[PDB]
Structure formats: C-alpha cells, structure tokens
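Below is one structure, written out as structure tokens; the observations come after it.
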Amino acid sequence: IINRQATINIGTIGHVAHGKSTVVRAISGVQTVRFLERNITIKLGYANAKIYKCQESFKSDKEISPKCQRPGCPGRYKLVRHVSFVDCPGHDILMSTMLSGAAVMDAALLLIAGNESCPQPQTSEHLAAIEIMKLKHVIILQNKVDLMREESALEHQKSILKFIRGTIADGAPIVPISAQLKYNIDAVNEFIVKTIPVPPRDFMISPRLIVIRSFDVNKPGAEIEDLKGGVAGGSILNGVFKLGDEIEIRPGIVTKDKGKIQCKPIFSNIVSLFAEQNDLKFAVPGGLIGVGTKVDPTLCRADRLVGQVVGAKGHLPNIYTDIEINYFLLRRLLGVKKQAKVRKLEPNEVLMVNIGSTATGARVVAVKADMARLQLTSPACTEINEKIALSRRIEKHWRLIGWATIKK
Amino acid sequence: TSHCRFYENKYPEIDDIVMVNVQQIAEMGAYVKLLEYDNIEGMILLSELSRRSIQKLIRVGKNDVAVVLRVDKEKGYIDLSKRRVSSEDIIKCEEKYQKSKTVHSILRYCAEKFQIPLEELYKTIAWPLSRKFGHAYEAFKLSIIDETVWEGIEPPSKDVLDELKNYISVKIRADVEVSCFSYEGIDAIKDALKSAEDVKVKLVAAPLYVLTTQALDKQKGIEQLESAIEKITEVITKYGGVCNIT
Numbered sequence: 094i095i096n097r098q099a100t101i102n103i104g105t106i107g108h109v110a111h112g113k114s115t116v117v118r119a120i121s122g123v124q125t126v127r128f132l133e134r135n136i137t138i139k140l141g142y143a144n145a146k147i148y149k150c151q152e163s164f165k166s167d168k169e170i171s172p173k174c175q176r177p178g179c180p181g182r183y184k185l186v187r188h189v190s191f192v193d194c195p196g197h198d199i200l201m202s203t204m205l206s207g208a209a210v211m212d213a214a215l216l217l218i219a220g221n222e223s224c225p226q227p228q229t230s231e232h233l234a235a236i237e238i239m240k241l242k243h244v245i246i247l248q249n250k251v252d253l254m255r256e257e258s259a260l261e262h263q264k265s266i267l268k269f270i271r272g273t274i275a276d277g278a279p280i281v282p283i284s285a286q287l288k289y290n291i292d293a294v295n296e297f298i299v300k301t302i303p304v305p306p307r308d309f310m311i312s313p314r315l316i317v318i319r320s321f322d323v324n325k326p327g328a329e330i331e332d333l334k335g336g337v338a339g340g341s342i343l344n345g346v347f348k349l350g351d352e353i354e355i356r357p358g359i360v361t362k363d365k366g367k368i369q370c371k372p373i374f375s376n377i378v379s380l381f382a383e384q385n386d387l388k389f390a391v392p393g394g395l396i397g398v399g400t401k402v403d404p405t406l407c408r409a410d411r412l413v414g415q416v417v418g419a420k421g422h423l424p425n426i427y428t429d430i431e432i433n434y435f436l437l438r439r440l441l442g443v444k449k450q451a452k453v454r455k456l457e458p459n460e461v462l463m464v465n466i467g468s469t470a471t472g473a474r475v476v477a478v479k480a481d482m483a484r485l486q487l488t489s490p491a492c493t494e495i496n497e498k499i500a501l502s503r504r505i506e507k508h509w510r511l512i513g514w515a516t517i518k519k
Numbered sequence: 003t004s005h006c007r008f009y010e011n012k013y014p015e016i017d018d019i020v021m022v023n024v025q026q027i028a029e030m031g032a033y034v035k036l037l038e039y040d041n042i043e044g045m046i047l048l049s050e051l052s053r054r058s059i060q061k062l063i064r065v066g067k068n069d070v071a072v073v074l075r076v077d078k079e080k081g082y083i084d085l086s087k088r089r090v091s092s093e094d095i096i097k098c099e100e101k102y103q104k105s106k107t108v109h110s111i112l113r114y115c116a117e118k119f120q121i122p123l124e125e126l127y128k129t130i131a132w133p134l135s136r137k138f139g140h141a142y143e144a145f146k147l148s149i150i151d152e153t154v155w156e157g158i159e160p161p162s163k164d165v166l167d168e169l170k171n172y173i174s182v183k184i185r186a187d188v189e190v191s192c193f194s195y196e197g198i199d200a201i202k203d204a205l206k207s208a209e210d218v219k220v221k222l223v224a225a226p227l228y229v230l231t232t233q234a235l236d237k238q239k240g241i242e243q244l245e246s247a248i249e250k251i252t253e254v255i256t257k258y259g260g261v262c263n264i265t
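See below:
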C-alpha cells in the first residue's frame, strides 16, 4: 500500500442524534476522536474514507475493507484516490464550524431520517448554503430506511423530487442506504467514482491555509520531561507545502494587559506532521492535516482561535477593519419553524457577517441600495472575494437572509 | 504469646522499684502481675498500699508505683510496698517504666516475623544493649544515630533488623500557570521546570504544573518556592508571554 494522501474533500450534514457519526463509522474503520483536552476545540468532525477499485449486475463495485471477500474476487485493489471526511453538526446554536467546513468542502452529502418529521427548514437552509458556496456536486441520502413501510418511503422520495428541481443543483442522485445494519454502500461508492471530478491544482498560486482544530500532546503516565510540540489541525484549499517553511497565524494577539501594541503575528516552524495515521513529507492540498508547529501546548487548548487564516513567509496579504460588501436578498426567510418575510436593512443594529469561515460581529452605517459599509469588532483578513453568508437577528437566535460578494 | 522478664534475672531484689497493673482487690490486697519485672504475680497486703475513699478505686487498668520488700528465690513469691516510695524519684521511676515499655514495643516485629519464641529473641537483643550500656532505649537511640551496639552480636535475621531501623526512622505544594503568546514556548516551559525541581514533580493535564517540596525541619518551605517563582517570572516576561501565580 502506497502512502499517497488526500485529494478531494467530502462533507456530511444533518441534525443532532439523527445519524451522521454512525454513517461516518460505517464508511471508515478506525474510530474518530471528536465527541476539554482531547478533540474539544470545534464542533466540526474529521474522518477518512477509501476509494479502491477492483474492476477486473451494474451495482457491484468495491468494498471498503482493505481486502475484499464478500463479492468473490481475491485480487489486490488499485489505488486511485484517498479522501478525507469533514463531519459538521446541524445544531441550532452553533453553525460557525459548519460554515468553516463548507468553505474547504468540494462535495456535499445530505442525510435526513425517514421515521420522523418530513418538512424541515434547516435542511432547506443547508441546501441553500451549499448552492451559494460554489457547488453543483450535491448527493441526497436517506438515513433510516429499514424501519419504514413499503410505499411510504417511495412517497417521501417523490415529494423530495417535487421539492428539488428549481435550484442550482441540477442532476442530483438520490440513494437510500442503511447505517445501522451495514448494507448498500457499494452504490454510494460507485456514485462517488462516477459523478465527482477533480479540479486543476498547481504550484503556481500563493498558499492559503485554514486551521479549524487545535490539539495538545500531554497525556498522564510518564515522568516530568516527556513533552511534544503543539499540533494545529489545518486544512488546505490551494498551495502545496514541503518541510522547511515558516507558518504564521495572521490576525495577531495582545502582548500586555496600558502599553501600546506593535508585536507582529505568531510565527512557527513545523516540527512533526500528522496525516491519515502517521508522518509524511509532502502536503498535497484538499485535506485536513494536523500540522505540529512550534505553537505552545498551553495556547492551543480551548476556544481562543477557531477558524482563522494561515499564511507563509515571502508573500504578504492584507488585514482590514472596515469591510465593503455587495448584498443580494431573498424573498422569504430560511431556517424558521411557519415562515416570515425579510425586512429592509436598518441603521444601528448588531448583525453577524460570516466571510469564508470567520464568525464576526458587524455594525451597519451607510447603505444606498447595493453597497454596504460595516464596522468590525474582532480582526479579519481579506484576499480575493470569499464565500460570504449573512446572518441577521429578529428573535432569540441567528437567521440567514442571503448571499454576498466583496467589490474591489 | 507475651512473656519474658524485662531485666536479666527472673526475680527482683531488695529496695528496687517496680510498676504493677492491678487485676483484683479486697480480702488480701493486690496479688497482681508486674509490668517492670516479669508477668508472674506479686502481692501487697492491705496496709503498705495506702497512706492518707480507698476501696472506691483500684480495679483494672490503673498503675501503681511500688518498692519490693521480700523476695523468695526458690519457687516464686514477691512482696511489695507503696507507702515507702517518696515523690522525689517517682518521676524518674515513671520515665524508666516508659523506656522499658518502649523497649518491649520495639521487640515485637521479630516476634511477628520468623514465628519463633519471644523470650529467646529478647535474650538475643538484651545481650549487646541491656547488659553493657545500662538502659536499652538510649542504646537504641545511639544505634539509630551512629551504629555502635549492633557490632557485638551477629544477626540471624538481618532483614528484620533493617525493618526495625526503618520503623525507627513535610510535603508542600505549589501552583504555576503557563499561557504563552510569544515565538518559542516548549523550550521556555522546560527551562522554567528546570528552575523549580530541587523532589517529586508530576504533570496533571495541560495548564497547571504541580510540584511537591520536602521540608527538612517543619517551618522550611517559603525559602526556595518563592525564589523559584521569582525565577519563573524573570524567565517569561522578556520574549512576549504572560504567566500567573495565585
């Protein structure tokens, strides 16, 4: 078996205590770490998957196990692609992590249960978000199908079909698969091979890195001096890294808390890399890699720096405080249990603007008809245009309004 | 089994002091067992016991200081007196008794260990210590400070002796919180640790470092810990990091 790492990212969406983690487990082999010291930093889940060919009726394709025995052929599998999974929870309070996950993702999998409530706005909202964030590769999957009646499922499918056609996602495949009884995943695997292609990626463009998770390597058992460096789980979109480069977290931090601040952002060199199971040399983008840099084990532990941009020495981007946004509004609101109508923008009110992955608070000053000027409270960086989703407040918690683009 | 005399000989002399533990009173006086000179009974008549409600007390547990009058060194008969003992050397006598008790206590591990008669063990112990030196507790103390009495006798059980020695033979905690922001960190932490060690140091989770400092003579503790804290403070401020001490 060759040690070729991740190439393309696939994600999973749903609801709490429904069936996403179970699905992930079914897909993979080794159990995940996520769900204070271990794993606890962000609500996002990271898991891997295998694409192995064995082609030497119509539906049979490949087996997840390293050695296939169930169909018949005892031959050795062809290496085509290795993939990394990002698990994102659809809880009503926390969605920043989900948003962050979306930015790195290039394939989306929808999972809704069968033996519960049918019309849910959250799923629709998720779909809308997917449509917005540069995606056409949408696969619909049904979770709990085994505890369902003979025609009810069919009816549900029909209803779904009726619902979904007038969207950005054109020819979306719909597959019903069980996660608790372990069946029918072959079809899914086949689909994964068929529908999803690989976009071009080269060494030319300057590196862009996003760190979601943070880890510390301190476990009880050994004596006093048995220490390892701080590991930062960072996923790459474009820009290849080799061992021997300086990694920096962009926004910066306060040095004394009186006294003026002028200290540059935190620089760190790579000590030990963690990919799939163990160590590797080259970092091919399109996967979440636990990069172990010279950042403190005391710093990376809790909710302090979740979802921030990472650059390299040599190339310099720009940091902004006043942001410029062009907005597009929707007809009626998404993600509300009954539906409510969208009001026009009002001056002097706290609203949350999500640019790419960051969750930041913004205040409205001057809006004519298309352009919007906003004031930031927590630091944020700007590169090109980014995938922007707006969130406004009416009652209790956050609600989506529409999509946005930066004009410069 | 508990037997064997405290001194070298079985039967007491004239004018010597003994401590008695009372079992029963009335009719005769107190024909009771001794805790200074063998477990065999020694008697006082109802006259020498008191001087100055007399019958109200003296039952079980209470100790009496008495001087030996008449000894029959043939079969086993002891006579005692309480009135003659003056309150000038009584404290000394008490001290002696205490010492004897301590010695007896010391001779128990051996009895426990090799499952052999206690009297023989006592005899083997008493030949270097109780014979030449005088009193045994002081000799024991001397031995524990500077080995001087154990030279005269060969040990059938050295392990037991070692155990005894061990038997004959204060941890203070400190809190340090680390939360850096500068370039280098792990190395700095290591350096800090190296300035607060010298015995037992352990790691718990992530932000807290727990060290236990051993005290020589009770009061000592602040005279190193504070210095260590100061050193730590000196360490972390230069680069661009903050640490807190509660």
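Those sequence lines, one after another, are chains M and K. With the authors' numbering as the guide, the letters of the first sequence map in order to residues 94 to 128, 132 to 152, 163 to 363, 365 to 444, 449 to 519. With the authors' numbering as the guide, the letters of the second sequence map in order to residues 3 to 54, 58 to 174, 182 to 210, 218 to 265. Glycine included, each C-beta is placed from N, C-alpha and C at the ideal position.
Answer yes or no: do residue i and residue j have a C-beta to C-beta separation smaller than 8 Å?
i	j	result
K:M45	K:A32	yes
M:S190	M:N295	no
K:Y258	K:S194	yes
M:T471	M:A491	yes
M:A338	M:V398	yes
K:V90	K:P14	no
M:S341	M:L395	yes
M:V210	M:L423	no
M:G513	M:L437	yes
K:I251	K:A200	no
M:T203	M:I238	no
K:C115	K:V165	yes
M:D193	M:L140	yes
K:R75	K:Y39	no
K:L126	K:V154	no
M:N376	M:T400	yes
K:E50	K:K87	yes
K:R53	K:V24	no
Given that residue i touches chain M, what residues does it touch there, using C-beta distances under 8 Å?
i	result
K:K202	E331, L333
K:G197	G336, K401, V402, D403, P404, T405, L406
K:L205	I330, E331
Just to check my reading of the structure: residue i and residue j have Cβ atoms closer than 8 Å, yes? What is that Cβ distance to the nearest angstrom?
i	j	result
M:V116	M:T105	7 Å
M:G220	M:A275	About 21 Å; that fails the 8 Å criterion.
M:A473	M:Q486	7 Å
M:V417	M:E354	7 Å
M:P404	K:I198	7 Å
M:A515	M:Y434	5 Å
Since residue i meets chain K, which of its residues come closer than 8 Å, beta carbon to beta carbon?
i	result
M:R408	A225, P226
M:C370	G259
M:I359	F193
Starting from residue i, find everything on chain K with Cβ-Cβ shorter than 9 Å and list it in chain order.
i	result
M:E133	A224, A225
Below 7 Å CB to CB, which residues in the same chain sit around residue i once its five sequence neighbours on both sides are set aside?
i	result
M:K149	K168, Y183, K184, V186
M:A285	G112, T115, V116, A119, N249
M:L217	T105, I106, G107, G112, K113, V116, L247, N249
M:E383	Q98, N144
M:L441	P227, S230, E231, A234, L511
K:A234	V182, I184, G240
Residues in the same chain with beta-carbon distance under 6 Å from residue i, minus the five sequence neighbours each way, listed in chain order, please.
i	result
M:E256	none
M:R408	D322
K:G260	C192, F193, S194
Going along chain K, which residues have a C-beta under 7 Å from residue i?
i	result
M:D322	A225
M:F374	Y195
Just to confirm my understanding: we take residue i, look at its own chain, exclude 5 residues before and 5 after, and list those with CB closer than 8 Å. What are they?
i	result
M:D252	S284, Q286, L287
M:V281	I245, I246, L247, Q248, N290, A293, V294, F297
M:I311	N344, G345
Could you name the residues of chain M that residue i contacts, counting a contact when the two beta carbons are closer than 9 Å?
i	result
K:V220	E329, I330
For residue i, which residues in chain M fall below 7 Å Cβ to Cβ?
i	result
K:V190	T405
Answer yes or no: does any C-beta atom of chain A fall closer than 8 Å to that of residue i?
i	result
K:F193	The displayed structure is made up of protein chains M and K, and chain A is not among them.
Write down every uninterrupted run of the alpha helix (DSSP H) in the segment 236–282 of chain M whose length is 4 residues or greater and which is fully enclosed by it, in chain order. 258–269
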